[PDB]
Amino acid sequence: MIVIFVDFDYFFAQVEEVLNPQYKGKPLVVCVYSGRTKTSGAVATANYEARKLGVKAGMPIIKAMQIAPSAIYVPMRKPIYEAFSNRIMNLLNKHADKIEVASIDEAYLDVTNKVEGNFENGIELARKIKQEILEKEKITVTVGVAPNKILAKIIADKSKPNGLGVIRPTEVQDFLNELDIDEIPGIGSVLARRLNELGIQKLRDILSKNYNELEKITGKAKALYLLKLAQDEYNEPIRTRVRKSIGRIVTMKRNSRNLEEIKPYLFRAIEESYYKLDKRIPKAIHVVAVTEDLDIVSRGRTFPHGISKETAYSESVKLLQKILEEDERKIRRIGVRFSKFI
């Protein structure tokens, strides 16, 4: 198969740059403000100029403002980004036999038939795709072209930003032999270190470790995944992913263990979650609590039937009481998640 993977550069910040071109070429940080104070929150993303200053996604805004105090800080406006994304996914769709929208930011296109199996016309289709997104939306993206999804994504990530990475069928075997473990999607920093400690630094090093010992360290799914990848037997099809859960979680004005203080937030979160569910009816509810130390504590329940908004209310309080009963810490954020849709 011939896969084109597309990944939008510094997405949220880039859209903000399209909407306010004066921000371009200067450090710009997109912030999620929690509302507790004026600066409390986290960084959703930063343009490359701000990343040069050390600004990272996930980082506390107050910490970003310390190392890059002259950056422009702006609030996240997720609906606009979703709108850009939707328009872009619609452009890609007409260039592909099958498309897998992986997230608001990225997609895989199977273009095998479309270019008559000719890999080099795939590259050109990838160039044509980048140019079109740039002309129509003023968004730069990075593209990876490869014989499978995983290699398409890896080479894309190596080519950022505004890149076009390529791995032809002839170079796959070679490429798999120098690939570092920490560069494989799905393998987090922790596991990569545990593998490194055991002498597993390259993907090819997976092939020489006893599989049963590997499974103990990585878990079965990751062990099968790594072994398939190492043997170039990864071939997963381009496929539409289905939404499995919908939720809402908010930061309270103050930490608390007071049921009556916490309840108004829990309920607003249910109201908003039900708006997002729309016609979906969930059989499972989970109440989620982020404690003062930023640990996450959850209690859930699956019903034999669908949960109406009013049942969600009553059951969510029972679950919240369960959390307060079984955990002694104060709660900073409170939310709900719904899943197991009929």
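In case it trips you up, residue 1 is the first one in the sequence shown, and so on.
Between 170 to 178 and 90 to 98, the higher mean Cα B-factor belongs to 170 to 178. In this entry, the higher average B-factor at the C-alpha atoms falls on 112 to 120, of the pair 199 to 207 and 112 to 120.
Of the candidates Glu106, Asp232, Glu272, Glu82, the deposited coordinates give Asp232 the top C-alpha B factor. Across the residues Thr251, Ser245, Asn212, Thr142, the deposited record lists the maximum Cα B factor for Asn212. Sort the chain's modelled residues by C-alpha temperature factor and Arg333 lands in the lowest third, per the entry. Among all modelled residues in its chain, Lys38 ranks in the highest third by Cα B-factor.
The entry lists a Cα temperature factor for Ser298 that places it in the lowest third of the chain's modelled residues. Per the deposited record, the Cα B-factor of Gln66 falls in the highest third when ranked against the other modelled residues of its chain. Among the modelled residues of its chain, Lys136 has a C-alpha B-factor that falls in the middle third according to the deposited record.
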